[PDB]
Amino acid sequence: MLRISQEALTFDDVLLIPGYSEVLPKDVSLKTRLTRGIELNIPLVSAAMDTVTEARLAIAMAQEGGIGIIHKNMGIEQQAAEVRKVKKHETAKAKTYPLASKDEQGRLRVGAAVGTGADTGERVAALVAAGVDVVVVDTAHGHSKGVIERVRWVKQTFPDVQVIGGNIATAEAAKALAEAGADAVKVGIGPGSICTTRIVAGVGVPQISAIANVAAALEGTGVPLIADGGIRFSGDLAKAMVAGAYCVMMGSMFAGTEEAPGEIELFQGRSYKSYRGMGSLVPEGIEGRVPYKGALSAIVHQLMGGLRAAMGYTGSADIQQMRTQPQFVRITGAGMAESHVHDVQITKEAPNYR
Amino acid sequence: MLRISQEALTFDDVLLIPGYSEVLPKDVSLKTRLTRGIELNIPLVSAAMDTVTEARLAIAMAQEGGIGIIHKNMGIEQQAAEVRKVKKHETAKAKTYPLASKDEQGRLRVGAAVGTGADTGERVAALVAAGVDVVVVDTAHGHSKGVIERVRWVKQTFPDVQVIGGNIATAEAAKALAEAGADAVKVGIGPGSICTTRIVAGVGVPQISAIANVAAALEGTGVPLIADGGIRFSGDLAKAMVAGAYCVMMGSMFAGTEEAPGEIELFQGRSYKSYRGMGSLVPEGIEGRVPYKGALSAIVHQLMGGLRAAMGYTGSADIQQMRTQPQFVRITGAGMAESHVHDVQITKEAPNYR
Amino acid sequence: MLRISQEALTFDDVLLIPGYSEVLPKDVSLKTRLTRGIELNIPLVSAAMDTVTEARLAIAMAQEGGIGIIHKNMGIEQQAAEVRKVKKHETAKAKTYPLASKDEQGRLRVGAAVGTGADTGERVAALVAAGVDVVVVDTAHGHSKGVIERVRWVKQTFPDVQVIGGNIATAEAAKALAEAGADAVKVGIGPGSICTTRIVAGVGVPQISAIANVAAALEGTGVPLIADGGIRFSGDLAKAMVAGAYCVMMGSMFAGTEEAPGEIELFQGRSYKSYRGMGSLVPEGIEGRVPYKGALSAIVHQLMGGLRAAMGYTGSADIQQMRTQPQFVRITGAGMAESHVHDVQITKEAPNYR
Amino acid sequence: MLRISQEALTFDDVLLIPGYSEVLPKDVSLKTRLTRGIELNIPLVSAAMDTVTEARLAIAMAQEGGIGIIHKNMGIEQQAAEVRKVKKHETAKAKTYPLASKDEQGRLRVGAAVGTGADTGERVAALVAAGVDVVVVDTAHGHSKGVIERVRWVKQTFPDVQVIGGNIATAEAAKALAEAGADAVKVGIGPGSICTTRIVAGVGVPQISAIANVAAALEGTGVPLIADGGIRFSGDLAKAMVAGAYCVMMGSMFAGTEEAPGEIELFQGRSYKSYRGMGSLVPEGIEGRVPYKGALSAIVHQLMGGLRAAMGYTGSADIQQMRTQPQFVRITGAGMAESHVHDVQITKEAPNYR
Amino acid sequence: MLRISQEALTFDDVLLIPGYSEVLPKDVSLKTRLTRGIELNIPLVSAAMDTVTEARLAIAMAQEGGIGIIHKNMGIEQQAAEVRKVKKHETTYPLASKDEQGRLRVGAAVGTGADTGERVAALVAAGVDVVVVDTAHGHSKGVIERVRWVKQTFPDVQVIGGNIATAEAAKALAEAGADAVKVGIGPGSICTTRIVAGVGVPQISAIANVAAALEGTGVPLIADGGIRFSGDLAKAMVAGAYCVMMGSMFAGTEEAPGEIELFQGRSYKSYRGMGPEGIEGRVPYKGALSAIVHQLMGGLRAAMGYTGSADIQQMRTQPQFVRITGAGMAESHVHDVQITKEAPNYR
Ligand SMILES: O=c1[nH]cnc2c1ncn2[C@@H]1O[C@H](COP(=O)(O)O)[C@@H](O)[C@H]1O
Ligand SMILES: O=c1[nH]cnc2c1ncn2[C@@H]1O[C@H](COP(=O)(O)O)[C@@H](O)[C@H]1O
Ligand SMILES: O=c1[nH]cnc2c1ncn2[C@@H]1O[C@H](COP(=O)(O)O)[C@@H](O)[C@H]1O
Ligand SMILES: O=c1[nH]cnc2c1ncn2[C@@H]1O[C@H](COP(=O)(O)O)[C@@H](O)[C@H]1O
Ligand SMILES: O=c1[nH]cnc2c1ncn2[C@@H]1O[C@H](COP(=O)(O)O)[C@@H](O)[C@H]1O
C-alpha cells in the first residue's frame with residue numbers, strides 16, 4: 001500500500017569484495033575530475049562551510065591535489081577576497097607540492113559557493129572577477145526551479161567558469177541539472193554529520209544508493225558527480241567511489257585541521273575545533289565540535305592511504321576502474337560489528353581509527 | 001508455517017524522496033480535514049489525555065488552526081464545562097488568529113472523547129448540548145461491536161454533530177467504522193510514547209503501514225483518517241501525511257507546553273511537565289514527564305516548519321498532493337544512523353532536535 | 001552456498017494484528033491442555049529448575065489452574081516426597097481455588113522431571129508411586145535415541161501416567177517424540193533467560209518459528225506442545241499461543257515469587273531472589289538473580305490479564321481460536337522500539353512493565 | 001544500480017538446527033586436516049601474531065592436537081630458532097599427550113609465517129632447514145600476483161614442505177591459490193578482533209559467507225580451508241565448521257593464555273595480557289589487551305566442549321559429517337538477543353561465557 | 001616551621017546560629033551602603049564582566065534597588081555610551097537606586113593600564129556614579145596610586161578599589177581615599193587564581209578580616225565572588241560585608257549579555273572569566289533577573305528572621321556562627337531521599 005520506490009543503502013550496509021590484484025597500493029593512480037573542465041590529483045573536496053573552508057584551508061586542499069569550496073556566510077567583497085588570496089598564493093622557497101591543483105596560468109584552483117537569493121548575481125560576478133575556478137550553486141534542494149535557472153544563468157553570463165549544481169539525490173534530479181548545463185552535480189540530501197534534514201523534514205536518500213542512482217543517470221554524459229556528506233572513515237571514501245562517485249566532499253573530517261577556521265578549544269583533556277551546520281541557528285543542522293587533528297596533510301595522507309589500500313584489495317589500478325569494476329556485498333548489523341574492532345579492550349588506537 | 005500477513009513499517013524505516021519543486025516551503029498550503037464536516041488549517045490534533053488537553057490547550061490548538069480533544073477522565077458536567085469554555089472564548093483586543101478553527105457561528109472548534117461504558121449516553125448528550133463540534137468515540141480497540149454500535153447511536157441520536165471512531169489499525173476496521181457512519185477514523189494501536197499495549201498484549205501494527213492500509217481502505221469514501229501516536233520529530237509528521245494521513249494526533253509533543261494541564265516540575269537543572277498514559281494506573285501505559293517546551297505556538301511553528309520543508313523537498317504544493325504523490329525509500333538501521341546527527345560532539349542543540 | 005533451511009523469527013520480530021471483536025477480555029476462555037490427558041484452566045507451567053519449582057510453588061501453580069514441574073536436582077526419595085506434598089495438600093478453611101488443576105480423585109496436579117541417566121528407572125518408579133500426574137523426560141536434546149527410548153519405556157512400564165518429552169525445536173523432532181508415544185512435546189532450544197546453549201554450542205531455533213514448526217508437525221495428532229523459554233512480557237505469551245503453543249513454561253518469571261525456593265536477597269535498595277540455569281556450574285547456563293515479585297497470584301493475574309487483552313484485541317473467544325485464527329505482522333527493529341515506551345522520562349512504572 | 005554480488009552473513013546471523021542424534025558429545029571424533037599432508041586431532045590453529053604464537057604456545061598447541069604458526073615479526077635466525085625449539089621439545093617424565101600433533105619422526109608439528117618481501121627466500125629456506133612442517137605465505141591480500149608466485153616458488157624449491165596461502169575471501173581467490181599449488185588456503189579478510197581493514201579500506205566479506213564460498217570452490221580438490229578470525233565464542237567455532245571450514249585460526253582467544261608471549265598486566269582488579277594487530281603501529285589494526293585466561297589447556301577444553309556439544313546437537317559423529325550435513329537457520333537481531341543471556345541480573349558467570 | 005597566619009574559613013565551613021526574633025522576614029530592612037556616599041535598598045551588585053553587566057542588566061539591577069558595574073572589555077567611547085544608556089533610561093520601581101537628579105545609578109570598571117586616566121574622564125563625563133578601580137591585586141602600588149589619582153582628579157565621584165583579602169590591604173585603600181573596598185581573591189566560580197598562582201584567602205575569613213580593619217573608617221566593603229546559594233549571601237553579611245557582588249548568579253538571566261544555548265535537555269547562557277587565571281563556560285538559563293533577586297532576598301530575609309536581625313547594620317554586627325565539619329555540611333544539604341521535584345532556590 002505504501003509508495004516505496006526501492007530499498008536504499010548507505011556505507012555501513014555494504015563492503016567491497018577483494019579481487020585479483022597485480023598493482024600495489026603505492027602504485028595506483030588517484031587522478032579524477034571535479035567537473036568536466038577541472039582535474040583533481042586526489043578525489044577530495046572540502047565543504048563550503050564557515051567552520052571548514054576559507055582561504056587557508058583552500059590553499060592547502062589545492063596544494064594536496066584536491067580543492068576547497070569557500071563558504072558564502074560572509075559579505076560578497078569578503079568572499080571574493082578569500083578567492084583572491086588562493087589565486088595569488090605562491091609556493092615557498094623549499095616547499096614543493098607536486099600534486100597541486102593548478103589552472104592554466106599556474107595558479108592554485110579554488111571554488112566558491114553561491115545560493116539563489118537576491119545577492120547571487122552580484123556574488124557570482126565578484127567571484128568570477130576574483131578568478132574563481134568553479135562556482136558552486138549550493139542549496140538544500142538542487143532539484144528546484146531556482147537552482148536550475150541560476151545554473152543556466154551562470155553558464156550563459158560567465159561562459160569561462162565551471163559550474164556545479166546541488167544538492168541532489170535522484171536520477172531525475174541529476175538529469176535536470178545536466179540539462180541546465182551543470183559541469184558536475186553534487187549528491188547528498190541529509191547524510192552530513194551535523195545535518196538534521198532527515199529528522200526535521202523526514203527527507204533524504206541513504207548515500208550509497210543516492211550516489212549509484214545519480215551515477216547511472218549521468219552515464220553517457222561525462223558529467224562528474226561529487227559525493228557530499230556522511231564520510232566518517234577512509235573506508236567510506238572507497239565505498240563512495242565504487243558506488244560511482246568521481247570525488248567526495250567532506251566537512252567534519254577537515255574541520256579539526258590546523259588550516260580550518262577557528263582556534264583549538266580544550267575540554268576534558270582533549271583538543272577540539274568548532275564545527276557547525278550552515279542551516280544551524282526552523283533549523284536543519286546543529287552546532288558542535290570535533291577532535292583536533294593537526295595538519296591537513298596528515299588527514300589527507302590517512303584518507304588516501306585507505307583509498308590506495310582499497311584499490312589494492314579490489315585490483316583497481318586507477319579511479320576509472322575503481323568506479324566501474326569492483327563489487328559490493330550487502331551485509332547485516334552483525335557484519336558491521338565484525339568489521340569494527342570487537343571483543344578486545346583497546347589501549348592504543350590509531351590515527352585512522354577513533 | 002506462521003500466519004504472517006505482511007511486513008509492516010514505521011517512521012524510522014522510511015525516508016521521503018526529494019522531487020522537482022517550484023513551490024517554496026513558505027508558499028505551500030497546509031489546509032486539510034479532521035472529519036467530513038470539519039476543516040483544519042493545519043494538520044494537528046491534540047490527544048484526549050488528562051495531561052494534554054483541557055480547555056486552555058484546546059483553545060490554543062483551535063487558535064493555531066488545529067483542534068483539541070478534551071479528555072474524559074473527569075465528571076460529565078466537568079467535561080461539558082470545558083467544552084463550553086472553548087466555545088465561549090473570545091479573541092482579545094490586539095491579538096489576532098487568522099488561521100483559527102471556527103464553526104459556522106464563529107466560535108472556536110473543539111472535540112471531546114467518550115467511551116462505550118454506562119455513562120456514555122449521558123456524556124455524549126451533555127457534550128452535544130455544550131456545543132462540541134465532534135464526539136470522539138475513543139477506545140483501545142475500535143474494531144469492536146461496542147464502538148461500532150455506539151458510533152451508529154451518536155449519528156442517529158445527535159444528527160448535527162460530527163463523529164470520530166477509533167482506534168484502529170487495519171483496512172477491515174476502517175471499513176467497519178465507515179459502515180457505522182463515522183465521519184473520520186483514528187489510526188493507532190500501540191505506537192504512543194507512553195503506551196505499553198504492544199508489550200503487554202503483544203498487539204499492534206507499525207504506524208506507517210497502519211496508516212497506509214487504512215488510507216487505501218477509505219479511498220472512494222472521502223472519510224478522513226487521523227494518525228494517532230508515535231510522532232517524535234517533525235519529520236515523522238511529514239512521513240505520516242505521505243503515508244495517507246489527513247492529520248496527526250499527538251500527546252507527548254504537547255504535554256510539555258505552557259497551555260497543557262499541570263505545573264512545571266524542576267529536576268536535575270531542567271524543567272518538565274507530567275505526562276501519563278490513560279491506561280496507566282492490568283495497565284497498558286505508564287507515567288512520566290517530558291521536557292518543558294514553553295508556549296504551544298513555538299512547538300506548532302517548529303512542527304509546521306518541518307512539514308513545510310518536507311513539502312518543499314517533495315514538490316508538494318498542498319496536503320492533497322503531499323498525501324498522494326511523493327514516494328518513500330525503505331532504509332536500514334544504518335540509514336537511520338546516518339539521518340541523525342553522527343560523529344560530532346554536539347555543544348548547542350536545536351529547538352526541533354533533542 | 002550456505003545450507004540455510006529458513007529465516008526464523010522470535011517474539012520481538014512479530015506483532016499480533018487486531019481483528020473484529022465481540023467478546024470482552026473478561027469473558028474469554030483460557031482453558032487448554034498440558035498433555036492429551038491433562039487439562040489446564042490457564043496456559044501456565046512452571047519450569048523444572050531448582051530455583052523455580054518445588055512443592056510450595058507447584059501447589060500454588062495448580063491452585064491457579066496451571067501446573068508445576070518439580071525439578072530433579074535432588075535425591076529420588078526427596079523428589080518423590082515433594083510430589084507427595086502436592087498430592088496430599090488440602091485447601092484451607094475459607095480459601096477457595098475455583099480454577100485448581102485437580103486429578104480424578106480431587107488432588108492437586110503435579111509433574112516431575114527425569115533425565116535419561118542411570119537413576120532414571122528408579123526415579124520414574126518412585127515419582128509414579130508418589131502419585132505424580134505427568135513424568136517429564138527432560139533433556140537438552142530431546143531429538144535423541146536416549147530420550148525416545150526412555151519415553152517409550154515409561155509409556156510401557158507405567159501405563160497410567162502421562163509423559164512429556166523434550167526439549168525440541170523442529171518438525172522432525174516433534175514427529176519422533178510423538179512416534180515414541182509422548183502425550184505432549186516441549187519446545188525450546190536455547191531461548192531461556194539464563195541459557196547459553198546458543199552461544200556455547202551455536203545451536204538453536206528462534207522460538208516463534210520453533211513453536212510454529214512443531215505445531216504444524218503435530219496437526220492431526222491431538223498432541224499438545226508446550227512452549228518453553230524466552231517469555232519476558234505477557235505479550236510474549238500471547239504471541240506464543242498464536243504461533244501454536246497449547247501452553248507456556250516459564251522459569252525467570254516465577255523465580256522471583258514468594259512461593260519459589262530461596263529467600264529474598266537485598267541489594268542496592270531492591271529485593272531479589274536467586275535464579276540459575278540447570279546446566280550452570282562445559283556449562284550451558286549461568287547464575288543470577290531476578291527482582292522479587294511477591295505472591296505468585298499477582299504475577300499470574302498480570303500474565304493472564306495481558307493474554308485476555310490480546311484475545312480481546314484479536315477477537316479470540318477461547319484458546320483454540322487464539323491458536324489457530326489470528327495473524328501476525330513481521331516488524332523491524334524500529335517497529336519494536338515504537339512498541340516499547342519511547343521518548344518520555346518514566347517516573348512511575350507498572351507491575352507488568354519493567 | 002549498485003554492483004552487489006550477494007548478501008553475506010557472519011556468525012551472529014545464523015544458528016545451527018538440532019537434528020536426530022545417537023552419538024554423545026563425548027564420543028564424537030574431532031579429527032580433521034590443516035593441509036593435504038597434515039592431520040590435526042582437534043580443529044584449532046593459533047594465529048601468527050607476536051602476542052599469540054612463539055615456541056611456548058606452539059608447543060602447547062601441538063600437544064593439545066592442534067598447531068601453532070610462529071609469527072614473522074622477528075629476525076630470520078630468531079624465527080628459525082623458535083621452530084627448532086618446537087621440533088626438539090621432548091615430553092616430560094609423567095606427562096602424556098595422547099592427541100599430540102607429530103610428524104613422521106615423532107616430533108611436534110609447527111608452522112611458520114612468511115610474507116612476500118625481500119627477505120622471504122632466505123626466511124623460507126631457514127624455516128625449512130629448521131624442520132618446519134608448513135610454511136604459511138601470509139598476507140593481507142592472498143589473491144595477488146605476489147602471493148601466488150611465492151606459493152609456487154616454495155612448492156618448487158622445497159618440495160617436502162607443506163604450504164598454506166592466504167588470506168582470501170572468495171571462490172576465485174581459492175581457485176587461484178589452489179592453482180598455485182597451495183596445500184590449504186586461509187580464509188578471512190577483516191573479521192579479526194583487532195583488525196580494522198573493513199573500516200580503513202572498506203573491504204571484506206562477512207566470515208560465514210566467506211567460508212562457504214571458499215568451501216564450495218574447493219569441492220573436488222581435497223584442499224583444506226582454514227577459517228581465520230572473528231571467533232569469539234565456542235559456538236562460532238561450530239558454525240565455522242558447518243559453513244565448511246576444516247579448522248579455525250584464532251588470535252584473541254589464545255593471547256590471554258599463560259603460554260602466549262608477554263606477562264600478566266593488572267588493571268582495575270582484573271588480569272590481562274597484551275594483544276595487538278600485526279598491521280598496527282596507514283595501520284589496519286590497533287593495540288589492546290585481553291583478559292588473562294590461565295593455561296591454554298583450559299581454553300581448549302572449553303572450546304572443544306562447545307564443539308562436541310554442537311556435534312551432539314546436530315547428530316554429527318565426526319568432522320566430515322559436521323562440515324557437510326547440518327543446516328542453519330538465518331536469524332534477526334532479536335533472535336541473537338534471545339540467544340544471549342537476557343532479562344536476568346548475572347551474579348556468577350561461566351568460563352565459556354563472558 | 002611553616003609561616004601560617006591563621007586557619008581561614010569559607011561559606012560551607014560555617015552556619016548562622018538562630019537567635020531571639022521579634023521581626024518577621026517580611027518586615028526587616030535590607031537597606032545598606034555601597035560606598036560611604038551611595039546607599040542601596042538591597043545588598044546586591046552585579047559583576048563587571050562582559051558576560052554579566054552591560055547597560056541592560058545594569059538598568060535592571062538599579063531598578064531592583066542594587067547596582068551594576070559596567071565591564072571594561074570594550075572601547076572607552078563604548079563604555080561611556082553604556083553608562084549614558086543607564087543614566088538616560090526612563091520608566092513602577094519603588095526601590096530603584098537613583099542619584100540626586102533622579103537618574104538610575106550605575107558603576108563602571110577601570111584598570112590601571114595606559115588609557116585609564118582617559119577612561120575615567122569619559123566615564124565621569126557620562127555621569128557614572130562610581131568608578132571601580134578593578135584589578136586582580138588591589139594591594140599594589142599601582143592600584144593604590146590610581147585610587148588616589150581618581151580622588152584627586154575627580155573628587156566628586158565615588159571610588160571603589162579592589163580586589164583585596166587582608167586587613168593591611170583594606171587600611172591601605174582606605175588611606176588612599178577609597179569610598180569602598182572590594183573583597184575577594186580567588187573565590188569566583190570561574191576563577192583559577194588560587195590554582196594557577198596558589199594565592200588567596202577563603203572568602204568568609206577574608207570578609208571578616210577586612211571588616212575588622214575597616215571598623216570606624218566609614219568605608220563599606222563589598223564581598224565579591226563565591227556566592228552559590230542565598231544562604232551564602234546571608235553568611236557574607238554576618239561576616240561583615242555591606243553588600244555582595246555576583247557574576248555566575250546573574251549571567252544566566254535574560255538581562256545579561258548573550259543568548260540562550262540549548263544542550264542535553266537544558267537551556268544555558270555563556271559565562272567566562274575576564275582573565276590565564278580563569279576559564280570559559282556556561283550557566284543554566286534562569287529567566288528574568290527580578291526572579292533571581294526575589295529568591296536571593298527571600299533567603300536573606302529568612303536568615304535575618306532566624307537571627308533576629310531587624311536591619312543590615314544588626315545583621316553585620318550581632319549574629320554568630322558555628323564552625324561545622326564536612327558531615328555538618330552534608331546534613332545541611334538534602335540527604336538520604338531521592339529528589340523528584342527540586343526548588344528554584346535549590347538545585
Ligand atoms: O546545516 C546543515 N544542514 C544540512 N546539511 C548540511 C548543513 N551543513 C552542512 N551540511 C552538509 O553536510 C556536508 C558535510 O557533511 P560531513 O562531511 O558528513 O560533515 C556539507 O558539505 C553539506 O552538504
Ligand atoms: O495508557 C495508554 N495506553 C495505550 N495508549 C495510550 C495511552 N494513553 C494514550 N495513548 C495513546 O497514545 C497517543 C499519544 O501518543 P504520543 O503522541 O506518541 O505521545 C494517544 O492519543 C493515545 O492514542
Ligand atoms: O542451564 C540451562 N541451560 C539451558 N537451558 C536452560 C538451563 N536452565 C533452564 N533452561 C531452560 O530455560 C527455561 C526457562 O527459561 P526462561 O522462562 O526464559 O527463564 C527452562 O524451562 C528450561 O527449558
Ligand atoms: O593488524 C591486523 N590487521 C588485520 N588483520 C589482522 C591483524 N592482525 C591479525 N589479524 C588477523 O586477525 C586474526 C586473528 O583474529 P581473532 O581470532 O579474531 O583475534 C589473525 O589470524 C589474522 O588473520
Ligand atoms: O578571569 C578571572 N580571574 C579571577 N577572578 C575573576 C575572573 N573573572 C571574574 N572574576 C571574579 O569572579 C567574580 C565573580 O564570581 P562569582 O559570583 O562566583 O561567579 C567577579 O566579580 C570577579 O571578582
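To find a chain, count down the sequence lines: A is the first, B the second, and so on, and within it residues start at 1. Values below: every heavy atom of this structure, side chains too, minus hydrogens, waters and symmetry copies.
Rounded to the nearest 0.5 Å, atoms OG (E/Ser205) and CD (E/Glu7) are 8.0 Å apart. Between the CZ atom in B/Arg56 and the CG atom in B/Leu296 there is a gap of 10.5 Å [rounded to 0.5 Å]. Atoms CD and CG, from E/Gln295 and E/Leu233 in turn, are 12.5 Å apart once rounded to the nearest 0.5 Å. Once rounded to the nearest 0.5 Å, the distance linking CG of E/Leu221 with CD1 of E/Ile160 reads 11.0 Å. Put simply, CG on E/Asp27 and CD on E/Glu22 are 12.0 Å apart, with the number rounded to the nearest 0.5 Å.
Using a 4.5 Å cut-off on side-chain heavy atoms (C-beta onward), E/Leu30 and E/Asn41 make no contact. A 4.5 Å side-chain heavy-atom check between E/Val293 and E/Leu44 finds at least one atom pair inside the cut-off. You'll find the side chain of B/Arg232 stays beyond 4.5 Å of the side chain of B/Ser193, heavy atoms only. Proximity of E/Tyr271 to E/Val52: side-chain heavy atoms (C-beta onward) are separated by under 4.5 Å at one or more points. Side-chain contact between B/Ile286 and B/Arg276: absent, with no pair of heavy atoms (C-beta onward) separated by less than 4.5 Å. Put simply, the side chain of E/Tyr93 reaches to within 4.5 Å of the side chain of E/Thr91, judged on heavy atoms. Side-chain contact between E/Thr253 and E/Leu57 is present, with at least one heavy-atom pair separated by less than 4.5 Å. Between E/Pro43 and E/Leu300, some side-chain heavy-atom pair lies under the 4.5 Å cut-off.
Among B/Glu258, B/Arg270, B/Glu263, B/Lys273, the one residue that satisfies the side-chain hydrogen bond (donor to acceptor under 3.5 Å, both in side chains) test with B/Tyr292 is B/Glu258.
Summarising the local packing, CD1 of E/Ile260 is surrounded by more than 12 heavy atoms from other residues, nucleotides or ligands at distances under 6.0 Å. Residue-environment remark: NE2 (B/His301) stays at or below the threshold of 12 foreign heavy atoms within 6.0 Å. Environment of CD in E/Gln318: crowded, with over 12 heavy atoms of neighbouring residues, nucleotides or ligands closer than 6.0 Å. Environment of CD in E/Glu331: sparse, with no more than 12 heavy atoms of neighbouring residues, nucleotides or ligands closer than 6.0 Å. Surrounding CZ of E/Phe321 are more than 12 heavy atoms belonging to other residues, nucleotides or ligands, all under 6.0 Å away.
In this structure, B/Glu349 pairs ionically with B/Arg354, as a charged nitrogen and a carboxylate oxygen lie closer than 4.0 Å. Between E/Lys182 and E/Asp134 a salt bridge is recorded (basic side-chain N to carboxylate O distance below 4.0 Å). A salt bridge does not link B/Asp50 to B/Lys72: none of the charged nitrogens lies less than 4.0 Å from a carboxylate oxygen. With salt bridges taken as basic N to acidic carboxylate O contacts below 4.0 Å, none links E/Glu39 and E/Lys98.
For E/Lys286 (side chain) and E/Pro284 (main-chain N/O), a donor-acceptor pair under 3.5 Å exists by modelled atom type. Judged by distance alone, with hydrogens and angles left aside, the side-chain atoms of E/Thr307 form no donor-acceptor pair with the main-chain N or O of E/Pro18 at under 3.5 Å. Judged by distance alone, the side chain of E/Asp129 and the main-chain N or O of E/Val106 form a donor-acceptor pair under 3.5 Å.
For the residue pair E/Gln203 and E/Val183, the shortest heavy atom distance occurs at NE2-O, 3.1 Å. Listed here is the closest heavy atom pair of E/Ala211 and E/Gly240: CB-CA, 3.8 Å. Among all heavy-atom pairs drawn from C/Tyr272 and C/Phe267, the shortest one is CE1-O, 3.5 Å. Of all the heavy atoms in C/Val344 and B/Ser252, the pair that sits closest is CG2-OG, 3.9 Å. Between E/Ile227 and E/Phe11, the shortest heavy-atom contact is CD1-CZ, 3.5 Å. The minimum heavy-atom distance linking E/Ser46 with E/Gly68 is given by the pair OG-CA, 3.2 Å.
Using modelled atom types and a 3.5 Å distance limit, the side chains of E/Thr51 and E/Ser270 yield no donor-acceptor pair. Side-chain atoms of E/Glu277 and E/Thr193 include a donor-acceptor pair closer than 3.5 Å.
In this structure, the ring-ring contact (aromatic ring centres under 6.0 Å, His included) partners of B/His340, at least two apart in sequence or on a different chain, are B/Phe233, B/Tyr353.
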